[PDB]
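This report refers to the structure that appears directly beneath it.
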Amino acid sequence: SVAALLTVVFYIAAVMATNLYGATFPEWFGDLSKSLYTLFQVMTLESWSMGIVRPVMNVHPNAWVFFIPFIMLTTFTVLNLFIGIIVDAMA
Amino acid sequence: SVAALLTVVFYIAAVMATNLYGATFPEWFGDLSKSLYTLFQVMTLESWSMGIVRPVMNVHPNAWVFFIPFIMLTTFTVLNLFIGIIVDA
Amino acid sequence: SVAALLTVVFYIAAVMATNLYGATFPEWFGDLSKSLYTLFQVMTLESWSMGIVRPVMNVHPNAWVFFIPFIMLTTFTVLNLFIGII
Amino acid sequence: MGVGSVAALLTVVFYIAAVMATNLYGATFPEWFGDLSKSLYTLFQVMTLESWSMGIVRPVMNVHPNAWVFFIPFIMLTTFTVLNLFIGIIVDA
């Protein structure tokens with residue numbers, strides 16, 4: 001149920017990002033699949049700032065309003081999900 | 001409860017960093033909002049050392065005394081706010 | 001216990017990656033030992049995308065099909081081993 | 001107390017490895033390991049896993065190959081203990 005919620009989340013943000021940054025950043029968001037890849041990378045927190053967001057903000061200042069919240073939501077969910085797997089296996 | 005304390009901590013360090021490193025590193029610390037961004041990136045641990053702390057230490061060495069503790073504080077509280085919310089449900 | 005199967009998982013993927021990407025990326029995959037190093041770094045998530053997967057995808061596109069699953073598998077097992085001590 | 005004693009064990013482990021690395025890699029990599037304080041900073045960065053491989057270990061291995069035998073274990077140990085201190089709060093709730 002949570003895994004579905006998250007996938008929905010990725011899907012929504014992937015579509016949004018493609019239409020928001022795909023023009024100026026084809027390598028990372030030009031496609032809905034490219035956006036999926038990039039958003040997953042951001043989720044693992046790998047080079048999200050130095051490698052993706054900071055460069056993005058050089059063209060679209062305040063794009064941080066799309067990514068920091070995305071980071072919060074995605075991190076939070078994953079945290080919970082993990083806890084459940086860990087907690088329930090113990091119980 | 002942690003959420004507000006954390007916001008306080010971020011605000012303290014952001015104000016501190018702005019006054020401390022904003023002159024030499026305006027791209028990351030020149031503004032109170034720039035310092036907000038940088039300190040969150042450092043909290044996510046994304047290029048905190050190689051990308052931010054090591055460059056800053058070429059100018060103001062031993063600035064790790066601000067950063068490493070900031071890392072402990074924010075890391076520990078986010079560990080705590082996670083466990084706190086999680087154990088409950 | 002969890003460590004017993006994860007070791008197997010790493011060995012499978014390492015053998016797979018060596019045969020798949022060792023030709024074009026010998027610095028990271030040319031050896032079975034090299035692929036062991038690379039896959040562990042990818043497991044710790046350090047520069048997996050920008051540093052490893054994205055450059056590999058310029059040669060073999062859709063190689064994320066190996067990596068992203070490898071990432072889920074190895075990340076998942078870590079929590080099952082983290083709790084597998086507790 | 002352990003938390004505290006485990007935190008004291010960690011401090012010991014960091015001191016061990018920091019002394020080790022200074023003597024092992026400080027010659028060839030003085031910016032990262034030339035000092036006991038430099039090795040302190042580097043080992044903590046490796047602990048938070050930020051550019052540990054691409055940034056530190058991979059470059060060190062071009063000089064002393066198989067120095068991953070120092071690093072990968074150090075990673076295991078410090079990451080495990082920090083998780084031991086994490087669960088030492090998980091059930092301590």
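A note on labels: chains of the structure tokens are A, B, ... as shown, every chain counts residues from 1, and ligands are counted from 1 in their shown order.
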
If we count only C-alpha atoms, which residues of chain D reach to within 12 Å of chain B? Please list them as an NGL selection string.
:D and (31-32 or 37-38 or 40-56 or 82-83 or 85-93)

Take the residues that were just selected and, keeping N, CA and C atoms, output them as an mmCIF file, in the first residue's frame.
```cif
data_model
loop_
_atom_site.group_PDB
_atom_site.id
_atom_site.type_symbol
_atom_site.label_atom_id
_atom_site.label_comp_id
_atom_site.auth_asym_id
_atom_site.auth_seq_id
_atom_site.Cartn_x
_atom_site.Cartn_y
_atom_site.Cartn_z
ATOM 1 N N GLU D 31 47.702 15.760 1.906
ATOM 2 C CA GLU D 31 46.525 16.622 2.031
ATOM 3 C C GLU D 31 45.430 15.911 2.838
ATOM 4 N N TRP D 32 45.315 14.567 2.686
ATOM 5 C CA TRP D 32 44.324 13.745 3.385
ATOM 6 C C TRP D 32 44.852 13.005 4.652
ATOM 7 N N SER D 37 45.550 14.707 12.662
ATOM 8 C CA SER D 37 44.325 15.506 12.601
ATOM 9 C C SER D 37 43.718 15.417 11.185
ATOM 10 N N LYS D 38 44.577 15.467 10.119
ATOM 11 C CA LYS D 38 44.164 15.341 8.710
ATOM 12 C C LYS D 38 43.478 13.973 8.508
ATOM 13 N N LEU D 40 42.097 12.216 10.776
ATOM 14 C CA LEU D 40 40.912 12.274 11.626
ATOM 15 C C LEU D 40 39.732 12.760 10.785
ATOM 16 N N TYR D 41 39.949 13.896 10.086
ATOM 17 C CA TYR D 41 38.985 14.544 9.211
ATOM 18 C C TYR D 41 38.610 13.628 8.027
ATOM 19 N N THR D 42 39.625 13.058 7.348
ATOM 20 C CA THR D 42 39.455 12.147 6.217
ATOM 21 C C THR D 42 38.645 10.901 6.600
ATOM 22 N N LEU D 43 39.022 10.226 7.706
ATOM 23 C CA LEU D 43 38.320 9.023 8.173
ATOM 24 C C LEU D 43 36.851 9.285 8.576
ATOM 25 N N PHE D 44 36.548 10.494 9.109
ATOM 26 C CA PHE D 44 35.185 10.875 9.460
ATOM 27 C C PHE D 44 34.352 11.059 8.177
ATOM 28 N N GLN D 45 34.946 11.710 7.144
ATOM 29 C CA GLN D 45 34.318 11.925 5.840
ATOM 30 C C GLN D 45 33.989 10.580 5.183
ATOM 31 N N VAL D 46 34.932 9.603 5.277
ATOM 32 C CA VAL D 46 34.797 8.232 4.767
ATOM 33 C C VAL D 46 33.678 7.524 5.550
ATOM 34 N N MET D 47 33.535 7.880 6.834
ATOM 35 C CA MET D 47 32.504 7.331 7.696
ATOM 36 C C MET D 47 31.125 7.782 7.240
ATOM 37 N N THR D 48 30.977 9.081 6.915
ATOM 38 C CA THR D 48 29.713 9.634 6.421
ATOM 39 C C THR D 48 29.476 9.215 4.965
ATOM 40 N N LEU D 49 30.423 8.391 4.418
ATOM 41 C CA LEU D 49 30.537 7.800 3.071
ATOM 42 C C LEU D 49 30.592 8.800 1.931
ATOM 43 N N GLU D 50 30.889 10.086 2.237
ATOM 44 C CA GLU D 50 30.942 11.099 1.190
ATOM 45 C C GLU D 50 32.260 11.117 0.396
ATOM 46 N N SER D 51 32.147 10.721 -0.896
ATOM 47 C CA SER D 51 33.247 10.586 -1.844
ATOM 48 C C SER D 51 34.362 9.716 -1.287
ATOM 49 N N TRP D 52 33.989 8.676 -0.543
ATOM 50 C CA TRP D 52 34.946 7.761 0.052
ATOM 51 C C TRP D 52 35.701 6.984 -1.039
ATOM 52 N N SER D 53 34.975 6.487 -2.058
ATOM 53 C CA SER D 53 35.499 5.667 -3.146
ATOM 54 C C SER D 53 36.126 6.529 -4.226
ATOM 55 N N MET D 54 35.287 7.224 -5.000
ATOM 56 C CA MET D 54 35.734 8.069 -6.095
ATOM 57 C C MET D 54 36.747 9.121 -5.633
ATOM 58 N N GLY D 55 36.452 9.788 -4.521
ATOM 59 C CA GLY D 55 37.273 10.857 -3.978
ATOM 60 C C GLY D 55 38.510 10.472 -3.203
ATOM 61 N N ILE D 56 38.487 9.374 -2.411
ATOM 62 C CA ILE D 56 39.650 8.986 -1.562
ATOM 63 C C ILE D 56 40.289 7.621 -1.853
ATOM 64 N N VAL D 82 27.857 2.707 14.414
ATOM 65 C CA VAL D 82 26.945 3.844 14.358
ATOM 66 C C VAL D 82 25.478 3.334 14.309
ATOM 67 N N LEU D 83 25.252 2.139 13.691
ATOM 68 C CA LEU D 83 23.951 1.452 13.657
ATOM 69 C C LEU D 83 23.663 0.784 15.020
ATOM 70 N N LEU D 85 24.711 2.094 17.788
ATOM 71 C CA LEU D 85 24.347 3.276 18.564
ATOM 72 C C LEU D 85 22.956 3.784 18.119
ATOM 73 N N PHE D 86 22.549 3.443 16.870
ATOM 74 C CA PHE D 86 21.242 3.772 16.297
ATOM 75 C C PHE D 86 20.169 2.875 16.931
ATOM 76 N N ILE D 87 20.379 1.526 16.948
ATOM 77 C CA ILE D 87 19.453 0.573 17.595
ATOM 78 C C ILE D 87 19.474 0.767 19.132
ATOM 79 N N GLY D 88 20.594 1.293 19.655
ATOM 80 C CA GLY D 88 20.774 1.633 21.063
ATOM 81 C C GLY D 88 19.942 2.842 21.450
ATOM 82 N N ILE D 89 19.016 3.238 20.542
ATOM 83 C CA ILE D 89 18.032 4.329 20.610
ATOM 84 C C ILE D 89 16.655 3.815 20.046
ATOM 85 N N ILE D 90 16.677 2.845 19.078
ATOM 86 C CA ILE D 90 15.507 2.211 18.421
ATOM 87 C C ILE D 90 14.576 1.474 19.414
ATOM 88 N N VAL D 91 15.162 0.602 20.249
ATOM 89 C CA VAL D 91 14.432 -0.154 21.267
ATOM 90 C C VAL D 91 14.433 0.661 22.588
ATOM 91 N N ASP D 92 15.444 1.554 22.781
ATOM 92 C CA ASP D 92 15.571 2.457 23.939
ATOM 93 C C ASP D 92 14.507 3.597 23.900
ATOM 94 N N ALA D 93 13.389 3.361 23.176
ATOM 95 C CA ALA D 93 12.262 4.281 23.010
ATOM 96 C C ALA D 93 11.011 3.735 23.700
#
```

Give me, as an MDAnalysis selection string, all polymer residues having an atom no more than 8 Å from stretch 52-66 of chain C, counting only C-alpha atoms and skipping those fewer than 4 positions away in the same chain.
chainID C and resid 21 24:25 42 47:48 70

Those same residues - N, CA and C atoms - I'd like them written as a compact mmCIF listing (two decimals), in the first residue's frame.
```
# COMPACT_ATOMS: atom_id res chain seq x y z
N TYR C 21 30.11 -5.59 -18.61
CA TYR C 21 30.71 -4.26 -18.75
C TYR C 21 32.25 -4.14 -18.65
N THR C 24 34.14 -2.64 -22.02
CA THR C 24 34.05 -1.19 -22.18
C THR C 24 34.50 -0.38 -20.95
N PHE C 25 34.41 -0.96 -19.74
CA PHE C 25 34.79 -0.28 -18.50
C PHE C 25 35.74 -1.16 -17.71
N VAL C 42 28.80 1.05 -5.13
CA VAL C 42 27.45 1.26 -5.62
C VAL C 42 26.48 0.92 -4.47
N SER C 47 28.55 7.86 -5.50
CA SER C 47 28.72 8.16 -6.92
C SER C 47 28.30 7.02 -7.84
N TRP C 48 27.27 6.27 -7.43
CA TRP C 48 26.77 5.14 -8.21
C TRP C 48 26.21 5.63 -9.53
N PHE C 70 19.89 -4.09 -8.44
CA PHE C 70 21.02 -4.44 -7.57
C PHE C 70 20.98 -3.58 -6.32
```

Which residues in chain D does DSSP call helix (DSSP H, G or I)? List them as a VMD selection string.
chain D and resid 4 to 25 30 to 33 36 to 47 52 to 60 68 to 90

From the options D:57, D:8, D:63, D:30, which residue's atoms come nearest to chain C, counting only C-alpha atoms?
D:57

Using only C-alpha atoms, determine which residues lie at most 12 Å from stretch 28-31 of chain B, disregarding the query and same-chain residues fewer than 3 positions distant; provide the list as a PyMOL selection string.
(chain A and resi 49-50+54) or (chain B and resi 13-25+34-42+48+51-53+55-56)

Can you write out as CSV which residues of chain C fall within 9 Å of chain A, alongside each residue's closest atom pair and its distance in Å to one decimal, counting only C-alpha atoms and ordering rows by chain and ascending residue number?
```
residue,atom,partner,partner_atom,distance
C:45,CA,A:46,CA,6.9
C:46,CA,A:46,CA,6.8
C:47,CA,A:46,CA,6.2
C:48,CA,A:46,CA,7.5
C:49,CA,A:41,CA,6.5
C:50,CA,A:47,CA,7.1
C:64,CA,A:37,CA,8.4
C:68,CA,A:40,CA,8.8
C:76,CA,A:82,CA,8.2
C:79,CA,A:86,CA,6.7
C:80,CA,A:86,CA,6.5
C:82,CA,A:86,CA,8.4
C:83,CA,A:86,CA,6.0
C:84,CA,A:86,CA,8.9
C:86,CA,A:90,CA,8.8
```

Hey, can you spit out that residue selection with C-alpha atoms as an mmCIF file, in the first residue's frame?
```
data_model
loop_
_atom_site.group_PDB
_atom_site.id
_atom_site.type_symbol
_atom_site.label_atom_id
_atom_site.label_comp_id
_atom_site.auth_asym_id
_atom_site.auth_seq_id
_atom_site.Cartn_x
_atom_site.Cartn_y
_atom_site.Cartn_z
ATOM 1 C CA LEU C 45 25.571 4.542 -2.889
ATOM 2 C CA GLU C 46 28.741 6.670 -3.385
ATOM 3 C CA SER C 47 28.718 8.165 -6.919
ATOM 4 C CA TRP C 48 26.766 5.142 -8.206
ATOM 5 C CA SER C 49 24.740 7.289 -10.647
ATOM 6 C CA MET C 50 26.887 10.284 -11.686
ATOM 7 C CA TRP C 64 20.014 0.708 -15.037
ATOM 8 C CA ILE C 68 18.651 -0.044 -9.874
ATOM 9 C CA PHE C 76 16.915 -4.133 1.347
ATOM 10 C CA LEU C 79 18.142 -3.494 6.855
ATOM 11 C CA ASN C 80 17.370 -7.277 7.221
ATOM 12 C CA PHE C 82 20.853 -4.402 10.542
ATOM 13 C CA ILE C 83 17.833 -5.957 12.344
ATOM 14 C CA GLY C 84 19.546 -9.389 11.928
ATOM 15 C CA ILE C 86 19.285 -6.568 16.963
#
```

Residues at most 8 Å from residue D:21, counting only C-alpha atoms, excluding those fewer than 4 positions away in the same chain, as a PyMOL selection string?
chain D and resi 17+25-26+33+39

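Reported to one decimal place, the separation of atom CA of residue D:84 from atom CA of residue C:40 is 21.0 Å.
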